[PDB]
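Participant:
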Amino acid sequence: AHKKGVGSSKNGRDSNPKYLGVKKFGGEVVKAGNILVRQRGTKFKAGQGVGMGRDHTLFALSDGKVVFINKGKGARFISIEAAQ
Amino acid sequence: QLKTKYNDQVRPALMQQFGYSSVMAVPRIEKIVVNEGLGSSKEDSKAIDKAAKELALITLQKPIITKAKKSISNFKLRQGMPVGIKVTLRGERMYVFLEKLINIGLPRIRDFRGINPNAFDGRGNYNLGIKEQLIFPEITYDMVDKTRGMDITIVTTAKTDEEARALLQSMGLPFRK
Amino acid sequence: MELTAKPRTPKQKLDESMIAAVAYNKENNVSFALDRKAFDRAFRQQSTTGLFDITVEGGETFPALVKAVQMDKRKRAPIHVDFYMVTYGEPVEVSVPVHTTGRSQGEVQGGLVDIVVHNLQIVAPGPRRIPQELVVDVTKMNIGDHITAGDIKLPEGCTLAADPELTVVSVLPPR
Amino acid sequence: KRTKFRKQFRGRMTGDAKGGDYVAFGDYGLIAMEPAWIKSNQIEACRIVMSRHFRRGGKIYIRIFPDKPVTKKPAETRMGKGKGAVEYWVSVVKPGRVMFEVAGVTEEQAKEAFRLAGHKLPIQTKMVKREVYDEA
Amino acid sequence: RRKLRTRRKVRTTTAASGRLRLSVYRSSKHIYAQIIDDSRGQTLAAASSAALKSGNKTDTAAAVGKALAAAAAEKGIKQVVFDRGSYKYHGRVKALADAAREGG
RNA sequence: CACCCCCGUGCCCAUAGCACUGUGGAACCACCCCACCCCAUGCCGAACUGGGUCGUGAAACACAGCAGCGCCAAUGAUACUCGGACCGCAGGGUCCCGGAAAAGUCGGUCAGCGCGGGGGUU
RNA sequence: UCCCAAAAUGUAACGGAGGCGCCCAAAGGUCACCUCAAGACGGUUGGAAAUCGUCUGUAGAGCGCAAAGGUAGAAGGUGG
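Shown next, in the form of structure tokens:
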């Protein structure tokens with residue numbers, strides 16, 4: 002051995018592939034299944050007709066049109082004012 | 003066993019000293035408390051008992067171990083650890099034990115003289131930091147363990163300390179003039 | 001001060017020596033554009049406690065007051081001014097500087113007197129009669145004398161907006 | 006001079022002054038008219054100068070403190086990462102900015118305390134007096 | 008304090024429901040057994056105990072429940088939903104409930 | 001929406017919030033009262049809860065005044081920039097052409113809009 | 001996991017920072033309920049913080065670990 006610290010400290014190697022954002026934009030005719038938003042916390046609160054996966058994800062329960070409602074930030078929503 | 007003079011001496015004498023638009027306004031007593039902040043300096047899964055059982059017999063209630071604030075300061079501190087003890091009193095038990103004090107507690111106190119004035123909780127509430135439990139009508143050194151103390155809280159509807167002091171002593175209370 | 005043009009376009013001035021301000025109140029927010037040089041020699045005097053003759057081209061004299069001014073970095077030269085059309089009984093509030101006079105009994109003592117807060121602002125100035133200045137005592141001030149708002153003599157009427165106990169001038173020590 | 010504690014490194018970019026007033030803290034002032042990195046030591050080289058010239062008063066203000074750590078060549082190579090967190094501390098100063106502004110002493114008795122100081126700065130400046138009345 | 012109602016209320020989904028919600032203000036002895044329709048802030052039936060009580064106020068418990076459930080009848084509502092408030096589904100209030108939970 | 005006020009419940013969800021001040025009482029609401037047990041507070045029927053006056057309006061609430069604090073927030077000029085074209089060895093910078101803040105200021109407000117139930121216009 | 005990365009995504013470097021190779025019979029499912037940090041005034045061993053109390057107190061706390069996003073009408077804190 003010797004008498005020092007295992008590996009050399011203060012590095013900078015590696016990071017993470019990473020994703021997220023928004024999958025469906027205002028005006029898009031969502032569908033059954035489609036995903037609308039992959040977010041981390043509660044950036045966008047599942048509005049009307051919008052399910053929310055375990056990972057704060059947002060999917061379409063039914064079919065219809067994608068719509069965006071943002072009340073003074075803090076809480077946002079995606080609803081589906083369906084076409085039919 | 004009281005409450006009448008309570009009003010009588012307190013209430014009447016109060017419009018009859020003051021002048022309240024109602025009797026609901028006049029100052030009152032919300033509750034009397036007793037924290038048993040033992041332990042820490044004494045970690046006795048034994049001592050704690052000396053607290054409750056006892057406290058219990060004086061305040062006629064079973065107190066809550068106001069455990070550690072999960073505070074683990076530089077010294078002997080930590081997460082939630084049975085440190086203090088609360089036994090809150092209101093109405094009946096409040097008065098029932100309350101009386102015991104205005105009557106036997108302080109009246110029956112060695113090296114007693116009264117109680118400092120000075121406005122405490124500007125909130126009209128009065129504070130009472132009792133010590134040696136040796137002066138209780140329930141404390142028995144000849145059937146206990148060691149010997150401790152305690153602090154009691156005066157919760158009053160008094161809006162002003164002026165008004166409090168009145169109610170305070172009216173009801174009964176010794177002051178060191 | 002005969003400011004004349006007043007369009008969103010300033011070409012015909014951005015080269016030709018002219019500043020470019022706006023004066024209002026709440027009624028009329030007339031577009032503007034005066035001359036550089038003039039307001040240049042002007043504001044200097046009256047400062048923000050000096051209302052002036054505003055006969056914009058055509059002839060419509062207006063009374064206002066230098067509210068805020070925004071000058072160039074790199075070049076201590078000003079670029080945009082905002083005039084606040086004078087009122088009658090109350091304007092808003094005014095920015096009034098602190099001044100000394102008479103030698104200080106601290107100065108010669110060995111220290112110096114510091115005017116902590118240069119210009120001072122006071123609640124309710126009173127239009128028509130607004131102090132275009134403010135002289136203050138300092139003599140009395142020795143080694144560590146602090147004067148505040150609650151101290152400065154007022155011009156009869158004016159009410160001090162800033163907090164009283166705030167130190168206006170303090171005769172600092174040596175070194 | 007050097008800051009008390011922080012992160013350790015930085016970067017580099019520029020564009021004209023932003024929060025560099027004018028009058029305040031005194032009557033006379035000095036102005037930086039050019040992009041530079043003022044070296045903390047290039048300030049002492051200024052303060053300590055102006056000092057001498059003023060037996061007393063102190064009425065000298067240095068409102069430019071150095072919020073920045075630059076690095077260096079640990080001899081030469083190039084096979085290693087970031088280096089020399091401790092080369093020296095800098096105070097990026099943009100045009101129009103104000104590093105200096107004395108107070109109390111006579112004009113000329115101030116039109117020198119700067120002149121000199123100027124002589125140890127990397128940039129070209131000029132002195133200023135009043136009419137400065139934006140926010141207060 | 009209001010938490011309790013908002014916690015109850017909020018958990019009570021709205022349109023996703025399609026159903027309706029029955030309230031109650033039995034905090035006082037002036038219950039209001041109100042019924043509302045998700046979308047439009049419209050109140051459908053509702054059978055309090057305000058139209059007198061016969062001296063029963065913490066008693067007309069069922070009166071209003073029974074009054075209520077039968078109430079929506081002249082409207083026809085099969086699927087409703089209990090949107091109580093602080094009123095931790097006890098007795099005086101479980102009244103309206105059972106009472107209505109069958110009076111319909 | 002005949003006039004009003006009161007309770008519940010929305011939309012909206014600080015220009016609709018705070019504070020200071022006044023108004024209201026026995027229609028409503030609240031405190032208050034008792035509470036052995038239904039059910040309940042890791043102690044306390046304080047809170048949950050059950051059975052109810054009187055008394056009060058003091059507190060909680062509702063209304064109303066007010067703006068001193070919050071929140072909102074111009075216009076003007078500006079920062080910056082898509083595009084086009086130039087300068088300085090370099091740091092950096094400019095002109096033409098649209099876009100154009102943020103902060104500050106003028107000023108703005110202490111909401112507005114519903115559904116239903118109660119009680120009044122002696 | 002942050003920054004770099006040039007407001008969609010994605011984008012390097014022996015570029016700048018920091019964690020993981022688990023843990024939890026429950027720190028789960030569900031149903032109830034409570035809500036913080038902190039300072040100030042007053043109060044017993046206490047006396048710096050901390051226990052009790054009363055005001056302020058959109059949270060300046062929490063969330064098992066690194067960070068960010070997220071969150072009190074709780075993902076914060078208890079019990080069936």
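Here the protein sequences come in this chain order: T, D, S, J and L.
For the first sequence, the residue numbers in the deposited numbering are 2 to 85.
For the second sequence, the residue numbers in the deposited numbering are 3 to 179.
For the third sequence, the residue numbers in the deposited numbering are 1 to 175.
For the fourth sequence, the residue numbers in the deposited numbering are 6 to 141.
For the fifth sequence, the residue numbers in the deposited numbering are 8 to 111.
For each residue, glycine too, the CB sits at the ideal point set by N, CA and C.
Take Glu134 of chain D and list the residues in its own chain whose beta-carbon comes closer than 7 Å to its own, dropping the five residues that flank it on each side.
Facilitator: In the second sequence, residue 134 of chain D corresponds to position 132, counting from 1. Closer than 7 Å at the Cβ level, and outside the excluded window around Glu134 of chain D, lie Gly151.
Participant: From this set, L:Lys95, L:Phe89, L:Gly111 and L:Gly110, which residue's C-alpha is nearest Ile42 of chain L's C-alpha?
Facilitator: Locating residue 42 of chain L in the fifth sequence gives position 35, counting from the first residue. Cα-wise, what sits closest to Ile42 of chain L is L:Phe89.
Participant: Could you pull the DSSP bridge partners for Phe83 of chain S from this structure?
Facilitator: If you number the third sequence from 1, residue 83 of chain S lands on position 83. Note: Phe83 of chain S sits in a beta bridge opposite S:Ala23 and S:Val66.
Participant: Looking only at its chain, what residues have a beta carbon closer than 8 Å to the beta carbon of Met141 of chain S, apart from the 5 residues adjacent to it on each side?
Facilitator: Here the question's residue 141 of chain S lines up with position 141 in the third sequence. Around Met141 of chain S: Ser104, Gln105, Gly106, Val113, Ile147, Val169, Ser170 and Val171.
Participant: Over the uninterrupted beta strand (DSSP E) stretch that includes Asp151 of chain S, give me the two end residues.
Facilitator: If you number the third sequence from 1, residue 151 of chain S lands on position 151. Per DSSP, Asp151 of chain S belongs to no beta strand (DSSP E) and is neither H nor E.
Participant: Three or more C-beta pairs under 8 Å: does that hold for the stretch 116-127 of chain S against the stretch 87-102 of chain S?
Facilitator: These segments touch.
Participant: In terms of residues, what are the limits of the beta strand (DSSP E) holding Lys55 of chain D?
Facilitator: Indexing the second sequence from 1 puts residue 55 of chain D at position 53. Element bounds for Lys55 of chain D: not the beta strand (DSSP E) but the alpha helix (DSSP H), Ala49 to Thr61.
Participant: Have a look at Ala77 of chain S and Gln12 of chain S and give me their C-alpha separation to the nearest angstrom.
Facilitator: The residue given as residue 77 of chain S occupies position 77 in the third sequence. The residue given as residue 12 of chain S occupies position 12 in the third sequence. C-alpha separation (whole angstroms): 19 Å.
Participant: Determine the burial state of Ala2 of chain T: buried for a count of at least 16 other Cβ atoms within 10 Å of its Cβ, exposed for fewer.
Facilitator: As a working mapping, residue 2 of chain T is identified with position 1 in the first sequence. When all chains shown are included, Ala2 of chain T counts as exposed.
Participant: Could you work out which residues of chain S lie near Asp21 of chain J, taking near to mean beta carbons separated by less than 9 Å?
Facilitator: Residue 21 of chain J sits at position 16 when you count from the first residue of the fourth sequence. Near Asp21 of chain J (Cβ distances below 9 Å), the residues of chain S are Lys73 and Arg74.
Participant: Would you tell me roughly how many angstroms separate the C-alpha atoms of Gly50 of chain T and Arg41 of chain T, rounded to the nearest one?
Facilitator: The residue given as residue 50 of chain T occupies position 49 in the first sequence. The residue given as residue 41 of chain T occupies position 40 in the first sequence. Taking the straight line joining both Cα atoms gives about 20 Å.
Participant: Specify, as a first and last residue, the run of the beta strand (DSSP E) that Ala37 of chain J falls within.
Facilitator: Taking the fourth sequence and counting its residues from 1, the one referred to as residue 37 of chain J is at position 32. Element bounds for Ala37 of chain J: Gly34 to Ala37.
Participant: Please list, in chain order, all residues of the same chain as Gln86 of chain L whose beta carbon is under 6 Å from its beta carbon, the five residues on each side excluded.
Facilitator: Numbered from its first residue, the fifth sequence carries residue 86 of chain L at position 79. Result list for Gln86 of chain L: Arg26, in chain order.
Participant: Anything in the stretch 37-52 of chain J with a Cβ closer than 7 Å to a Cβ of chain S? List those residues in chain order, please.
Facilitator: The stretch 37-52 of chain J vs chain S, Cβ under 7 Å: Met38.
Participant: I'd like to confirm the pairing. Which residues does DSSP put opposite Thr50 of chain L in its beta bridges?
Facilitator: Position 43 of the fifth sequence, counted from the first residue, corresponds to residue 50 of chain L. Its beta-bridge partners are L:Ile43.
Participant: If distances are taken between C-alpha atoms only, which option among L:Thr65, L:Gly92 and L:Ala52 comes closest to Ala74 of chain L?
Facilitator: Counted from its first residue, the fifth sequence places residue 74 of chain L at position 67. Cα-wise, what sits closest to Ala74 of chain L is L:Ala52.
Participant: For the stretch 113-132 of chain J against the stretch 44-55 of chain S, do three or more pairs of beta-carbon atoms, one drawn from each stretch, fall closer than 8 Å, so that the two count as touching?
Facilitator: Too few Cβ pairs lie closer than 8 Å, so no.
Participant: Please list the terminal residues of the continuous alpha helix (DSSP H) segment that includes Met96 of chain D.
Facilitator: Numbered from its first residue, the second sequence carries residue 96 of chain D at position 94. Residues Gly93 to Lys102.
Participant: Residues of the stretch 121-142 of chain S with a CB closer than 9 Å to any CB of chain J: list them in chain order, please.
Facilitator: So the list reads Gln121, given in the order they occur along the chain.
Participant: Can you tell me the Cα-Cα spacing of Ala149 of chain S and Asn9 of chain D, whole angstroms?
Facilitator: Within the third sequence, residue 149 of chain S is the residue found at index 149, counting from 1. Within the second sequence, residue 9 of chain D is the residue found at index 7, counting from 1. Cα-Cα distance, rounded: 52 Å.
Participant: CA-CA distance, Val91 of chain J and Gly16 of chain J?
Facilitator: Your numbering for residue 91 of chain J matches position 86 in the fourth sequence. Your numbering for residue 16 of chain J matches position 11 in the fourth sequence. Going by the C-alpha atoms only, they are around 15 Å apart.
Participant: With 9 Å as the threshold, decide whether the Cβ of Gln70 of chain S is near any Cβ in chain J.
Facilitator: Residue 70 of chain S sits at position 70 when you count from the first residue of the third sequence. By this cut-off, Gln70 of chain S is an interface position.
Participant: Looking at C-alpha atoms only, which residue of D:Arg178, D:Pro176, D:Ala168 and D:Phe177 is the closest neighbour of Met17 of chain D?
Facilitator: Stepping through the second sequence from its first residue, residue 17 of chain D is reached at position 15. Nearest C-alpha to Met17 of chain D: D:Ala168.
Participant: For the alpha helix (DSSP H) containing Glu165 of chain D, name the first residue and the last one.
Facilitator: In the second sequence, the residue the question calls residue 165 of chain D occupies position 163. That run of the alpha helix (DSSP H) goes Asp163 to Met173.
Participant: Determine which residues of the stretch 100-129 of chain J have a Cβ less than 7 Å from any Cβ of chain S, and write them out in chain order.
Facilitator: For the stretch 100-129 of chain J, which is checked against every Cβ of chain S, the residues closer than 7 Å are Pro100, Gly101 and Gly109.
Participant: State whether the stretch 57-69 of chain D contacts the stretch 78-95 of chain D, with contact taken as three or more CB pairs (one from each stretch) at a distance under 8 Å.
Facilitator: Contact holds: three or more Cβ-Cβ distances are below 8 Å.
Participant: Determine contact between the stretch 22-34 of chain T and the stretch 59-77 of chain T, defined as no fewer than three beta-carbon pairs at a distance below 8 Å.
Facilitator: With a cut-off of 8 Å, the stretch 59-77 of chain T and the stretch 22-34 of chain T count as touching, because enough Cβ pairs lie within range.
Participant: DSSP three-state call for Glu49 of chain J: helix, strand or coil?
Facilitator: The residue labelled residue 49 of chain J in the question sits at position 44 within the fourth sequence. Of the three classes helix, strand and coil, the one that applies to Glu49 of chain J here is helix, per DSSP.
Participant: Are there 16 or more other CB atoms within 10 angstroms of the CB of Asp113 of chain D, so buried, or fewer, so exposed?
Facilitator: Here residue 113 of chain D is taken as the residue at index 111 of the second sequence, counted from 1. Exposed.
Participant: Strictly below 9 Å CB to CB, what residues from chain J border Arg44 of chain S?
Facilitator: For the purposes of this step, residue 44 of chain S is taken as the residue at position 44 of the third sequence. By Cβ distance, chain J contributes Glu136.
Participant: Taking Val108 of chain S as the reference, give the member of S:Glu57, S:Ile115 and S:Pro173 with the closest Cα.
Facilitator: By one-based count along the third sequence, residue 108 of chain S stands at place 108. Of S:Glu57, S:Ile115 and S:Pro173, the residue nearest in Cα terms is S:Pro173.
Participant: Which residues does DSSP pair with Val51 of chain T in a beta bridge?
Facilitator: Mapped onto the first sequence, residue 51 of chain T falls at position 50. Note: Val51 of chain T sits in a beta bridge opposite T:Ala61.
Participant: Please state whether the Cβ-Cβ distance between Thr8 of chain J and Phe59 of chain J is less than 9 Å.
Facilitator: Numbered from 1 along the fourth sequence, position 3 holds the residue referred to as residue 8 of chain J. Numbered from 1 along the fourth sequence, position 54 holds the residue referred to as residue 59 of chain J. No.
Participant: Where does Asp46 of chain D fall in DSSP's three states?
Facilitator: Taking the second sequence and counting its residues from 1, the one referred to as residue 46 of chain D is at position 44. In this structure, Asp46 of chain D counts as coil in the three-state DSSP scheme.
Participant: Whose C-beta lies closer than 8 Å to the C-beta of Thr149 of chain D among residues of the same chain, with five residues either side of it excluded?
Facilitator: Within the second sequence, the letter at position 147 stands for residue 149 of chain D. These residues qualify, in order along the chain: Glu134, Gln135, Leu136 and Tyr143.
Participant: Tell whether a beta-carbon distance below 9 Å holds between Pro127 of chain S and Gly157 of chain S.
Facilitator: The count along the third sequence starts at 1 and reaches residue 127 of chain S at position 127. The count along the third sequence starts at 1 and reaches residue 157 of chain S at position 157. Taking 9 Å as the Cβ cut-off, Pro127 of chain S and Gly157 of chain S do not qualify as a contacting pair.
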